[PDB]
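Single-letter residue listing:
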Amino acid sequence: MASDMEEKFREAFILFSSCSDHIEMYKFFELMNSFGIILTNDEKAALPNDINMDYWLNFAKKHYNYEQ
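*Asks:* Would you mind going over unusual backbone geometry with me for this structure?
*Replies:* Residues apart from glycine generally show negative phi values, whereas peptide bonds are mostly found in trans. Positive phi, close to 50°, is recorded for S18, a residue that is not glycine. Tracing the backbone through its elements, the reader meets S18 in the loop between α1 (2–16) and α2 (25–34). Under the relative-accessibility criterion, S18 is labelled exposed at 59%. Even without a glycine there, the phi angle at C19 is positive, about 65°. As for its placement among the helices and strands, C19 is situated in the loop between α1 and α2.

Shown next, in the form of structure tokens:
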């Protein structure tokens, strides 16, 4: 389900951010790739410097491939 996935997204943010309010950019790349999300270079360059859980949840709901 989508709710199932949102809980997976949340727990993964906690893991990849080491329990922090903001995730380092290179760890954000690891986090998104762990869910199959591949950004283009200039999409990466457009990410804001400060990435919190709500940013990641909105991002993951937009980019995740629910077919796979």
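Still to come is the rest of the account.
*Asks:* How should the nonpolar core be read in this particular structure?
*Replies:* The nonpolar side chains of a soluble globular protein tend to be buried, and buried together. Judged by nonpolar contacts, the single largest core of 19 residues is most densely connected at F9, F28, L31, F35, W56 and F59. It is helix α4 (residues 53–63) that provides the largest number of residues to this core, a total of five residues. Every residue in contact with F28, bar those within four places of it in the chain, is listed here: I23, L47, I51, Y55, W56 and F59.

*Asks:* What is the right way to look at the pattern of salt bridges in this model?
*Replies:* For side chains bearing opposite charge, pairing can occur when the charged atoms are close. On inspection of all chains with the given rule, the structure shows three salt bridges. For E6, the salt bridge is made with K61, and the minimal N-O distance between the two is 3.2 Å. Highlighted residues: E6 in helix α1 and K61 in helix α4, separated in sequence by 55 residues. Owing to a relative accessible area of 38%, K61 belongs among the partly exposed residues under this scheme. Here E30 makes a salt bridge to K27, at a shortest N to O gap of 3.0 Å. Note that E30 and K27 are positioned in helix α2 at a spacing of three residues, about one turn of the helix. What makes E30 partly exposed here is its relative accessible area of 35%.

What counts, and where the lines are drawn
Residues numbered from 1 in each chain as written, not as in the entry; some residues may be left out. Heavy atoms only, no water. Helix = DSSP H or I, 4+ residues; strand = E, 2+ residues; numbered from the N terminus. Buried < 20%, exposed > 50% of the residue type's maximum accessible area, 1.4 Å probe, protein only. Core = buried A, V, L, I, M, F, W, Y, C linked by side-chain atoms within 4.5 Å. Contact = heavy atoms within 4.5 Å. Salt bridge = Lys/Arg side-chain N within 4 Å of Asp/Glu carboxyl O.

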